[PDB]
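Written out below as structure tokens is the structure these notes cover.
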Amino acid sequence: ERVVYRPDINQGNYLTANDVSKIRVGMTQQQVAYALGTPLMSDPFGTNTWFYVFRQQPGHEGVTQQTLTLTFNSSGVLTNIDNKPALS
Amino acid sequence: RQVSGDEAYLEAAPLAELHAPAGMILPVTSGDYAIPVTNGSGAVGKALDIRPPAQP
Amino acid sequence: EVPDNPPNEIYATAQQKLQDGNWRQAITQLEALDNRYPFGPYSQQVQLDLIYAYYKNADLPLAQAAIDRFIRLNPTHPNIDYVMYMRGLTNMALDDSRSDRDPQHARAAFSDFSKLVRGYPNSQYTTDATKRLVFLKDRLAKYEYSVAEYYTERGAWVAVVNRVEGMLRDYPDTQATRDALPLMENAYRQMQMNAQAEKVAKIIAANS
Amino acid sequence: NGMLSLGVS
Amino acid sequence: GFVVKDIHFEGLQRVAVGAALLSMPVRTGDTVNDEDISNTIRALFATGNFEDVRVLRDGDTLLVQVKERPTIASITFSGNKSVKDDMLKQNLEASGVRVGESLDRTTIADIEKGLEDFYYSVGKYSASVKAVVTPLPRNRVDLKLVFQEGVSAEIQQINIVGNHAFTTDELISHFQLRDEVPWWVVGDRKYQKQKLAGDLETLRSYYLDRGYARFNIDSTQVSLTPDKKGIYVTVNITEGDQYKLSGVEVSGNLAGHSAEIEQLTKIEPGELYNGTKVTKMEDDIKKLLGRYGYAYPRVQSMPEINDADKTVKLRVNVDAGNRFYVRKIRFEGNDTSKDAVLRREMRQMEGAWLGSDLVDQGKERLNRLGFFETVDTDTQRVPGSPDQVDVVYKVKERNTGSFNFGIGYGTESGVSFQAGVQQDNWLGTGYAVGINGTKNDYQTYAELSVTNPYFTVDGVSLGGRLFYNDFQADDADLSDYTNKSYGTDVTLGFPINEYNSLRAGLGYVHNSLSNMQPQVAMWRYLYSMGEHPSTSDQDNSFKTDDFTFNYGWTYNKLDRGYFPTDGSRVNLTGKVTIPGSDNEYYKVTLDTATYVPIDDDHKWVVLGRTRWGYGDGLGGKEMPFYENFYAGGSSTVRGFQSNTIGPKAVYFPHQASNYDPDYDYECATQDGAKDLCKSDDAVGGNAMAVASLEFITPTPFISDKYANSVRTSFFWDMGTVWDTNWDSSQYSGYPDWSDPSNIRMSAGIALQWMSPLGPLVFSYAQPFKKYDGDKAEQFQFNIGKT
Amino acid sequence: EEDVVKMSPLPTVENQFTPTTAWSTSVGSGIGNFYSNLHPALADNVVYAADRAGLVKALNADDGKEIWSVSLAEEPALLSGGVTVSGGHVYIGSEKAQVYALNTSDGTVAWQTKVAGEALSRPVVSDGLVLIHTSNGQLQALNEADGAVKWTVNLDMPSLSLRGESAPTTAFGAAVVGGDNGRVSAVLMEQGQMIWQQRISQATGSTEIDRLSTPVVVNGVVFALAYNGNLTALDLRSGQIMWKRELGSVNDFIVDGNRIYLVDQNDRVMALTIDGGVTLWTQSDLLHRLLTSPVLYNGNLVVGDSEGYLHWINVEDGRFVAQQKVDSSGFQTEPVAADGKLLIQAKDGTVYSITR
């Protein structure tokens, strides 16, 4: 581990508290897109799911990720929101 | 220093369409980078005469 | 630096330095034979030869410039199928055959070969051009495998999965992609998306 | 420095 | 209306009938009015093959008539001195004009005037490019570009109007453009003109950074002489009064971060307005809003001026803008360098949120590799997405490998012939290989290297050397010996911080001594090693095979690379013999620079240097006399001769294979071999301690226009070497060389600038407190030893 | 390495009289290679001249011997605005945006005014004012008595101008003036209010083609001379281009009787009809010799080149009359033909009186 120089690896989407608290269930995609911005990853194995992973590790430890998974359906309307602000 | 009469490409890893599981689908192929099967009796590599034709 | 010989003397000369495989000399004859008669009854034959010679003398930027110009003024020509092949070779001769440099060339080479087999399936060059597309796909897939790889080391797990995702879209049948799948699974597992991880785990365990 | 330098290798 | 039965052609030469048809909207059989014909003509022009076209109705047949642009059959030059026929030929193909293509006849005078601006950039304003086009029997043209470039134009004055608080000279002092260069001298910019924008930018900052908040550059005229050989430049300015900062009122789309921006804008009331502290603030905000996802935060600052109390209330407007995501980072032009080679210099993570900086930071981090000639960014919105972008870096690749040769000429060195070959990017892998040799009066060095700058993704390098050094001690102003060493080191380089680095590596050395003229100290070391050669001749040999663990730490927070005016530099090297070596020692050396300016303008810097060295043996052995610490000359304590400080040779009586002619010898049998002879030949020690104190000042007789080019100082240098294993008792007569309280002090005056022969540095020191046997040397210098 | 045009070699002239150097006086270092307007000026058998550094001497017009010894430095002064002397004052413009007026008496400073940029233009004294045309357009008019800035007429300027900002002529309480864009403008001497402003200069292309960085008024016609532009005769009232000719210069021409004598930008001398501007003769044996402004002395044309050679052209045919190396320093600052005397300042400040 030592004390090398690690240059802040950000990954995925940026999620405020005053933004997750804005998507209610039963919204369109176009509405959630406008609410949070397009996701960066979206399940490509036959399941309209949207992963907002908000991953942050700066210089040396304190790696921080919040996974915000929004399950849709055949139509295009939010049916389940899944939010875990940490990893443990 | 560049290529004159090479044949290195003939050993390129073949294309075998990936079998999908059940209750799952592979992402949807872009028709970009897709090669039609051409019932080809023509030569390959150093065996093909790449000289310009003529007539009359 | 050719003297004002009769044109036939210059063709017999050039069309002799050529099967003698001395290119830079057959050029200096044709290269100047062209600027003498840039149009003529058989000054399209002079242009194809000039492109053959440029290719083999590894004068690659003059092969493309002369093919492009040739197509632009003769897209009708009965030999146009051959010039597309030579454009295919040219661009493919600027690539790697250890392949992870700007694929501007492999991509652009994959285009000219595709145009050839799409528009001329019964061309004499079609099958050789096909075996090149199969190389040039693995080549282009391998480039994306390479960037996937940098980002697995850097620990930029999103860019990993997104890069492998697009690899399944664009180059799925390629051998380079089967190899990329366990990079994808890892990026998922590293991001605690053990749900999606298991999804790729079973695409691996279905294939080779 | 002194003298010169060629950049072509 | 009108119906067309056939389409018939007159004037097709190069263009195939088929190429004509495939660009005509009106087809065979179509029903066409004079409107769809005007569309066809209009279209055949858009191809670029034709000079004149006219489609005409000929009964039932549409008739197309063309005159094709002539084919370029040669491009001769004849007149170009300043630009080679090849560099122009290449630039013309980039503009469409090449041999085998057709001449854009209406762009000839465009081609002409197009090349004038190439010549107006350098300053060749008298220049000219005509173009003689000669027709040839079969619709061909011979393009001959007749050049007549002129006397390059030189700038005879840089004036400043309105400057009241600063003489027009002090201001010009800091411009890249100069009204006069000197010789017989300072390497001190040219005297030509171009892009003066950026030199007005330094004139703003000189004024703004001193509280002239209302300062304004009214106009800047740029004159010629009628003969177009001389160039004048006036920048007319209006000086504000000096304004003290009152407070900062922030106002805009702060994205609810007023909490963290209300103290980034907290400034102690009283201090003068400070045009850089302002742009720091602005950047700290853009760096905070950037820290929180926002790609392109705008921040402006228009000072509310109040001439009553003479104060400025800075009104900062924030505007965090939007948030974009990087779909991909892509590289174009990396045709040799590996994809990873550029991508690892990216401070922008792909598949993450955009930073207007981290994309620019990753471009400065790219050209500073110097693998690429040009580096351009391009952020493209991904099609079908309002907030996804691709960041493209378009590189042009540079020839990386080079042959290098450099003569410098210093006193404590002689003539340095540094020379060697280097490949900075081995087959585009970031790997550096090279064979450097340096040749001194005392040294012939020659090493071969292979370095990986990213052994680890975070920047850790693994560099391997393989060296060969022949040291001739009597040319280095030491007791006469000959060391002929070689070996190999692998070294990890850890980047730690923007200012700090660690080195650690293992090493092998083969020291092969010979020609050791006998003296006590050199010989005390040798009994320790278990070698008892001859006290009374100069025909000896010691083979030593050492294995070393090397380690180092360097810290550089100097403000400026050239003439530092602030901050310290601290280097610390040390080694030790891993068990299994012939020798058994540890060595530790440590240098220190510390600059401390006393005035705001920073032309009164106080330089405090210190050098420290110490080592000894472990297993009853001693530190090799070649791993010794010396102290004298320019690098260390000035006023004194090179290496002349510390222990001296206590010589045995002997004879060498010299065959004593009519020369001066030290403790030779041939001249009277009593017992031991005290000498003023130096050997240095295993314990150095030099420490200087230079007082850098303005240079007080030279024109203010370029006085800051030359740097005078007043130094007080002091130093000490000593021998710790010196038997002070057994040699009761000879001076106590384990006593370090023998402080040699000197005082002089330094001068350095950059002459055409290279970087210069003079010193002139009278040693006031010199001790027994110390050779003085008052005037010393280097000419960029390299 | 090589200038684009061979400096036409010294014309090999059979002199028809003996050009002599009545007297000679060195004033400081001179103007040097610094392109200036600074000429000497002659008033009441007393000659006033100066050098760039700020030394201003007054000499006798006969013996060339000093009278008063004052200079204007602390640091140089950068005098450039040709010496002009009217009322009891010596006017000199300084490239440090200063205009000095010294008493013709002792030589003490009468007044000194901070103008709106470098005072390159020869100060003109008309009505009760001093017209300075500076290097950032500003055509300021200072009060002759005290030097207070009466008014400022911001002429705008191109990216790239030449140097010698045009000195205005005056007629009927208006000031006619050159501009650095091709446009000769006319203002009022009470307020500086625009009246007309006519473009005189032909443009070329998207390169850098320029116009004029001094006109003369006779019988309600105004003549002026752009760089590339044109020699045009303008209606003094309207400024409507009466006739134009495709000639150009930066060296104020001179209109005598019925002819326009003129030294263009390739140094080729010529005389035209005042009428339509149709050409009389051409003397292109002095091409590119970097000739000075012309002057009339005893029915002869008196020029001077870069190599301190005075020439003497005959006004009626265009053939040379005489020649003389006067000062190897070089010539630039305009001659002077006033009070039967002929003065000229070589670059290093030497003031020659030519006679015989």
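Each chain of the structure tokens is named A, B, ... in the order shown, its residues numbered from 1; ligands are numbered from 1 in display order.
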Checklist entry - Which residues of chain C are close to chain A, meaning at most 9 Å apart when you count only C-alpha atoms, and how do they look as a VMD selection string? => result chain C and resid 154 to 159 161 to 162 165 191 to 193 196 199
Give the residues of chain F that lie within 6 Å of chain E; count only C-alpha atoms, and format the answer as a short mmCIF file (atom, residue, chain, number, x, y, z; two decimals) with N, CA, C and O atoms, in the first residue's frame.
```
data_model
loop_
_atom_site.label_atom_id
_atom_site.label_comp_id
_atom_site.auth_asym_id
_atom_site.auth_seq_id
_atom_site.Cartn_x
_atom_site.Cartn_y
_atom_site.Cartn_z
N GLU F 1 17.77 37.44 -46.21
CA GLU F 1 19.18 37.69 -46.63
C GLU F 1 19.23 38.87 -47.60
O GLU F 1 19.97 39.83 -47.31
N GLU F 2 18.45 38.82 -48.69
CA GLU F 2 18.47 39.81 -49.81
C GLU F 2 17.16 40.62 -49.84
O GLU F 2 16.08 39.99 -49.95
N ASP F 3 17.25 41.95 -49.74
CA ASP F 3 16.14 42.90 -50.06
C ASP F 3 15.60 42.52 -51.45
O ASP F 3 16.37 41.94 -52.23
N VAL F 4 14.34 42.85 -51.74
CA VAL F 4 13.60 42.31 -52.93
C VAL F 4 13.91 43.16 -54.17
O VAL F 4 13.45 42.78 -55.26
N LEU F 160 -2.56 47.81 -38.63
CA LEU F 160 -1.17 48.05 -39.08
C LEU F 160 -1.13 49.33 -39.92
O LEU F 160 -1.76 49.38 -41.00
N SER F 161 -0.41 50.34 -39.42
CA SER F 161 -0.14 51.64 -40.07
C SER F 161 1.36 51.70 -40.40
O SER F 161 2.09 50.84 -39.89
N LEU F 162 1.80 52.68 -41.21
CA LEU F 162 3.23 53.07 -41.30
C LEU F 162 3.59 53.88 -40.04
O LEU F 162 3.18 53.43 -38.95
N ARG F 163 4.28 55.01 -40.14
CA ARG F 163 4.75 55.72 -38.92
C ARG F 163 4.36 57.20 -38.97
O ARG F 163 3.43 57.57 -38.21
#
```
Each residue of chain E lying at most 7 Å from chain A should get a row with its shortest atom-to-atom pair and the distance in Å to one decimal, counting only C-alpha atoms; could you produce that, ordered by chain and increasing number, as JSON lines?
```
{"residue": "E:293", "atom": "CA", "partner": "A:14", "partner_atom": "CA", "distance": 6.3}
{"residue": "E:349", "atom": "CA", "partner": "A:10", "partner_atom": "CA", "distance": 6.4}
{"residue": "E:351", "atom": "CA", "partner": "A:12", "partner_atom": "CA", "distance": 5.6}
{"residue": "E:352", "atom": "CA", "partner": "A:12", "partner_atom": "CA", "distance": 4.4}
{"residue": "E:353", "atom": "CA", "partner": "A:13", "partner_atom": "CA", "distance": 6.6}
{"residue": "E:387", "atom": "CA", "partner": "A:37", "partner_atom": "CA", "distance": 6.7}
{"residue": "E:458", "atom": "CA", "partner": "A:6", "partner_atom": "CA", "distance": 5.7}
{"residue": "E:494", "atom": "CA", "partner": "A:4", "partner_atom": "CA", "distance": 6.4}
{"residue": "E:495", "atom": "CA", "partner": "A:5", "partner_atom": "CA", "distance": 6.0}
{"residue": "E:496", "atom": "CA", "partner": "A:5", "partner_atom": "CA", "distance": 5.1}
{"residue": "E:497", "atom": "CA", "partner": "A:5", "partner_atom": "CA", "distance": 6.3}
```
Preceding selection exported with C-alpha atoms as a short mmCIF file (atom, residue, chain, number, x, y, z; two decimals), in the first residue's frame:
```
data_model
loop_
_atom_site.label_atom_id
_atom_site.label_comp_id
_atom_site.auth_asym_id
_atom_site.auth_seq_id
_atom_site.Cartn_x
_atom_site.Cartn_y
_atom_site.Cartn_z
CA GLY E 293 -20.01 17.27 -10.83
CA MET E 349 -11.82 9.11 -16.00
CA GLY E 351 -17.42 6.45 -17.89
CA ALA E 352 -17.60 9.30 -15.31
CA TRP E 353 -18.54 13.03 -15.00
CA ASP E 387 -25.57 15.11 -21.38
CA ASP E 458 0.12 5.34 -10.44
CA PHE E 494 8.06 6.55 -6.49
CA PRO E 495 6.10 9.75 -7.26
CA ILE E 496 4.73 10.81 -3.81
CA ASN E 497 3.39 14.39 -4.29
#
```
Next on the checklist: I'd like to know which residues of chain A are alpha helix (DSSP H) (by DSSP, run on the backbone); could you write them as a list in words?
Outcome noted: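 The alpha helix (DSSP H) residues within chain A come out as residues 17, 18, 19, 20, 29, 30, 31, 32, 33, 34, 35 and 36 of chain A.
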Checklist entry - Do you know which residues are at most 10 Å from region 70-78 of chain E counting only C-alpha atoms, after dropping those on the same chain fewer than 4 positions away, and could you put them as number ranges by chain? => result C: 32, 34-39; E: 14, 49-51, 84-85, 88-89, 92, 97-105, 129, 131-136, 138-148
Output the selection as a CSV table (one decimal), in the first residue's frame - N, CA and C atoms for each residue.
```
chain,number,residue,atom,x,y,z
C,32,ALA,N,5.3,9.8,-64.7
C,32,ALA,CA,5.6,10.8,-65.7
C,32,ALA,C,4.8,10.6,-67.0
C,34,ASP,N,1.8,9.5,-67.0
C,34,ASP,CA,0.5,9.9,-66.7
C,34,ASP,C,0.3,11.4,-66.9
C,35,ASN,N,1.2,12.3,-66.4
C,35,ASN,CA,1.2,13.7,-66.5
C,35,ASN,C,1.4,14.1,-68.0
C,36,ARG,N,1.9,13.2,-68.8
C,36,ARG,CA,2.0,13.4,-70.3
C,36,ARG,C,0.6,13.3,-70.9
C,37,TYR,N,-0.1,12.2,-70.7
C,37,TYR,CA,-1.5,11.9,-71.1
C,37,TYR,C,-2.4,11.6,-70.0
C,38,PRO,N,-3.0,12.6,-69.3
C,38,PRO,CA,-3.8,12.3,-68.1
C,38,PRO,C,-5.2,11.7,-68.4
C,39,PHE,N,-5.6,11.8,-69.7
C,39,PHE,CA,-6.7,11.2,-70.3
C,39,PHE,C,-6.3,10.6,-71.7
E,14,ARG,N,-10.9,13.5,-68.6
E,14,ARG,CA,-10.5,12.7,-67.5
E,14,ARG,C,-11.8,12.1,-66.9
E,49,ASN,N,-14.8,19.3,-60.9
E,49,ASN,CA,-14.0,18.9,-62.1
E,49,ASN,C,-14.0,20.0,-63.2
E,50,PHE,N,-15.0,20.9,-63.2
E,50,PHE,CA,-15.3,21.7,-64.3
E,50,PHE,C,-15.0,23.2,-64.0
E,51,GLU,N,-14.7,23.9,-65.1
E,51,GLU,CA,-14.3,25.4,-65.1
E,51,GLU,C,-15.4,26.2,-65.6
E,84,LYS,N,11.9,25.3,-47.6
E,84,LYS,CA,12.5,24.3,-48.5
E,84,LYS,C,11.3,23.7,-49.4
E,85,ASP,N,11.7,23.4,-50.6
E,85,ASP,CA,10.7,23.0,-51.7
E,85,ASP,C,9.8,21.9,-51.2
E,88,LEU,N,6.9,23.2,-48.5
E,88,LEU,CA,5.9,23.9,-49.2
E,88,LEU,C,5.0,22.9,-50.0
E,89,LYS,N,5.7,22.0,-50.7
E,89,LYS,CA,5.0,20.9,-51.5
E,89,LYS,C,4.0,20.2,-50.6
E,92,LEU,N,0.9,22.3,-49.7
E,92,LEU,CA,0.1,22.6,-50.8
E,92,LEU,C,-0.9,21.4,-51.0
E,97,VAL,N,-4.0,21.7,-53.6
E,97,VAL,CA,-3.1,22.0,-54.8
E,97,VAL,C,-1.9,21.0,-54.8
E,98,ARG,N,-2.0,19.9,-55.6
E,98,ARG,CA,-0.9,18.9,-55.7
E,98,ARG,C,-0.9,18.5,-57.2
E,99,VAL,N,0.2,17.8,-57.6
E,99,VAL,CA,0.4,17.3,-58.9
E,99,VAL,C,-0.5,16.1,-59.2
E,100,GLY,N,-1.2,16.1,-60.3
E,100,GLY,CA,-2.1,15.0,-60.7
E,100,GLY,C,-3.6,15.4,-60.5
E,101,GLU,N,-3.8,16.4,-59.6
E,101,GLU,CA,-5.1,17.1,-59.4
E,101,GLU,C,-5.2,18.2,-60.4
E,102,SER,N,-6.4,18.9,-60.4
E,102,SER,CA,-6.7,20.0,-61.3
E,102,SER,C,-6.7,21.3,-60.6
E,103,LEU,N,-6.3,22.4,-61.4
E,103,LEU,CA,-6.0,23.7,-60.8
E,103,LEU,C,-7.3,24.5,-60.6
E,104,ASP,N,-7.6,24.9,-59.3
E,104,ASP,CA,-8.7,25.8,-58.9
E,104,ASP,C,-8.3,27.3,-59.4
E,105,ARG,N,-8.5,27.5,-60.7
E,105,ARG,CA,-7.9,28.7,-61.4
E,105,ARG,C,-8.2,30.0,-60.7
E,129,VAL,N,4.8,36.3,-53.5
E,129,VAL,CA,4.6,35.0,-54.3
E,129,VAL,C,3.8,35.3,-55.5
E,131,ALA,N,2.7,33.4,-59.3
E,131,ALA,CA,2.4,32.0,-59.8
E,131,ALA,C,2.3,32.0,-61.3
E,132,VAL,N,3.3,31.5,-62.0
E,132,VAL,CA,3.3,31.4,-63.5
E,132,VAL,C,2.6,30.1,-63.9
E,133,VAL,N,1.5,30.1,-64.6
E,133,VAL,CA,0.7,28.9,-65.1
E,133,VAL,C,0.9,28.9,-66.6
E,134,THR,N,1.5,27.8,-67.1
E,134,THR,CA,1.9,27.6,-68.5
E,134,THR,C,1.1,26.4,-69.0
E,135,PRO,N,0.2,26.7,-70.0
E,135,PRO,CA,-0.6,25.6,-70.6
E,135,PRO,C,0.3,24.6,-71.4
E,136,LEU,N,-0.2,23.4,-71.6
E,136,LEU,CA,0.6,22.3,-72.2
E,136,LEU,C,-0.3,21.4,-73.1
E,138,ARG,N,-2.1,19.0,-73.9
E,138,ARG,CA,-3.4,18.2,-73.6
E,138,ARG,C,-4.0,18.6,-72.3
E,139,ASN,N,-4.6,19.8,-72.2
E,139,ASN,CA,-5.3,20.4,-71.1
E,139,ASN,C,-4.5,20.2,-69.8
E,140,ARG,N,-3.2,20.5,-69.8
E,140,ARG,CA,-2.4,20.4,-68.6
E,140,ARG,C,-1.8,21.8,-68.3
E,141,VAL,N,-1.3,22.1,-67.1
E,141,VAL,CA,-0.8,23.4,-66.6
E,141,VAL,C,0.5,23.1,-65.9
E,142,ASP,N,1.5,24.0,-66.0
E,142,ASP,CA,2.8,23.9,-65.2
E,142,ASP,C,2.7,25.1,-64.2
E,143,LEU,N,2.5,24.8,-62.9
E,143,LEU,CA,2.4,25.8,-61.9
E,143,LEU,C,3.9,26.0,-61.3
E,144,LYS,N,4.4,27.2,-61.6
E,144,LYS,CA,5.7,27.7,-61.2
E,144,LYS,C,5.5,28.8,-60.2
E,145,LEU,N,5.8,28.6,-58.9
E,145,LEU,CA,5.6,29.7,-57.8
E,145,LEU,C,6.9,30.5,-57.7
E,146,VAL,N,6.9,31.7,-58.3
E,146,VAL,CA,8.1,32.6,-58.2
E,146,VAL,C,8.1,33.4,-56.9
E,147,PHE,N,8.9,33.0,-55.9
E,147,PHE,CA,9.1,33.7,-54.6
E,147,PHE,C,10.0,34.8,-54.8
E,148,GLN,N,9.9,35.8,-53.9
E,148,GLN,CA,10.9,37.0,-53.7
E,148,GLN,C,10.6,37.5,-52.3
```
Next on the checklist: Can you tell me, as a PyMOL selection string, which residues in region 316-504 of chain E count as strand (DSSP E) by DSSP?
Outcome noted: chain E and resi 316-319+325-332+352-353+372-381+388-397+402-408+416-423+432-439+443-452+461-465+468-472+482-497+500-504
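Here CA of residue 648 (chain E) stands at a distance of 15.9 Å from CA of residue 741 (chain E).
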Checklist entry - For chain E, which residues have at least one atom within 12 Å of chain D, if we go by only C-alpha atoms? Write them as a ChimeraX atom specification, please. => result /E:398-409,415-427,434,754-760,782-786
Checklist entry - Could you work out how far CA of residue 202 (chain E) lies from CA of residue 310 (chain E), giving the answer in Å with one decimal? => result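 Computed distance, CA of residue 310 (chain E) to CA of residue 202 (chain E), equals 24.3 Å.
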